[PDB]
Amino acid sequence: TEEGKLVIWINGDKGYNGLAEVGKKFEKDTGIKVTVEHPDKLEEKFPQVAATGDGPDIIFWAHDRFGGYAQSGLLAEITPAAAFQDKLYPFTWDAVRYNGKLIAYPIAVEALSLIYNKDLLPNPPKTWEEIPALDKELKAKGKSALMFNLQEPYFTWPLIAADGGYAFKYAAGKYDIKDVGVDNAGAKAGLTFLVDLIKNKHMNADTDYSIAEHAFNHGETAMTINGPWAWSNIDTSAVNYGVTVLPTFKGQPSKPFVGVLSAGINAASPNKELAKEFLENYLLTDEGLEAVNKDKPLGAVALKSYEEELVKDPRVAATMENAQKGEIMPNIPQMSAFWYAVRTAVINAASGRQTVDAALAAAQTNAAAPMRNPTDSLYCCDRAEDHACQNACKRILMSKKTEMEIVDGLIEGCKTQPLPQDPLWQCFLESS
């Protein structure tokens, strides 16, 4: 990062060229150059490189990853005034609150929908259970009923959750990280339905994002499951399509995990005030979100003035219908382990490497695995009386060290007076 310029990371399936146009308008008005990048695996790279000080000023991702980033000390607290907060829907702010603090700007609400080819399939199925017979009919015409990305558990989750699968039990404003619901009867029933689709040759286990997108956009399969970002490529294609409610399973709505695309400010950025200018006054405007949306649709945007108009598009209305049948993702740090566990389980079950029951039993254990965290005490570093110690403290707590190594490193870098009288050490003693 350099002072006086902004670097932004956003995923490659989003409207990064539109976002670059917002960056050009920012540069035109203010002189600040904005560089938009879309690295591979950016949600994993960010915590890796925010440790070498080689991260972006601003990172975009769904809000579920941001609690972990914030817990690890990678994100700055944002400071929107009340008048700006009133411009966005309250529930979008809720998704970017962590430990009582706002840690990112909400951009847009994402939910998966059922996307279908009206020429192949004028009436889409209401139920998952009728898809096998639909596929049989379409196969006689040289087509298939449904293709979607089986390599990312985001896309299979709506089916896993339909009959009662869940990530973490939510009990009175709190998620219980030891109560994981990926191995209950409903999760098993949904994943078994998927595996049976594959066993019966109505889908194949290797289908990924590119294969499913190609197939739908070239008229080869009647349906796909995807989010708003995908509509742009379908529009460019020759396909007459609709976007509608996901099929039910066992008479229950499919329950997608709802993401809020969010923009966080790197805690290590020397440009936090510039990033705030850009996000509040350029991106989160009608004209800024339109520039991104026109490139790849955002979904249901967090900005009320724009969303009130945008929701008139039936595809956005359907996005919110599916969102209301699902659940907003937790943002707790355990979400990374949850997603990795379910990803392995879906892939292993779909490929036949494991049974559904064996895969999900391992997933429950892996998702609930406790993890040793020093960064619980990062707030104590801000009670340091000098900046050198403050920063030494932060590096030590973010360092994967043992408790002994943390204490010892703090003595080396942050002893300026007797420990019992130092607010940093008083905090660490009470906390760690």
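Start at 1 with the first residue shown and count on from there.
Per-stretch averaging of Cα B factors for 344 to 352 and 225 to 233 places 344 to 352 on top.
The stretch 188 to 196 shows the higher mean C-alpha B-factor when 148 to 156 is compared against 188 to 196 in the entry. Residues shown: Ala368, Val407, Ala62, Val36. Highest C-alpha temperature factor in the entry: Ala368. Of the residues listed, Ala337, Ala111, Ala167, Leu284, the entry assigns the biggest Cα temperature factor to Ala337. Annotation for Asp313: CA B-factor lies in the middle third of the chain's modelled residues. When the modelled residues of the chain are ordered by C-alpha B-factor, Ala215 sits in the lowest third.
Per the PDB record, residue ranking by Cα B-factor puts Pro247 in the middle third of the chain.
For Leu75, the recorded CA B-factor ranks within the middle third of the chain. Only modelled residues enter the ranking. Remark: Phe66 belongs to the lowest third of its chain, ranked by C-alpha B-factor as recorded.
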